[PDB]
């Protein structure tokens, strides 16, 4: 279009929104204890670092399934999630990386509104059309 003297290419804008959407979708699946949708979004050889893994690098979805079968009783109180200061890094058409602060507003524990924070890194890989998480790193203490 007009104004050729500059990168009129803002598909990077929509590509990033693409990544933000799948991340939101992933979080919703997690938040609703929907393990099926979750696995659908994760690469089988998915790798992860998270408080629940006590400093160990975990492989597969098997380890996460636990929390999706027991704590699945997730439905016991309201839980609003906010993704702050997102930053996406595009790497090829099949590879993306997103880092953001994850803020969770929940009740319970004494029945009072409380807020939890965690730093998250999600590494995305495009396979046969849909984006899948290949690795993620969570920092803080919340799930």
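Residue numbers count along the first chain shown, from 1.
Comparing 6-14 with 128-136, the higher mean C-alpha B-factor in the PDB entry belongs to 6-14. Two stretches are in play, 24-32 and 64-72, and the higher mean C-alpha B-factor belongs to 64-72.
Comparing the listed residues 59, 108, 52, 43, the entry records the largest Cα B-factor for 108. Among 83, 116, 88, 79, the highest C-alpha B-factor recorded in the PDB entry belongs to 79.
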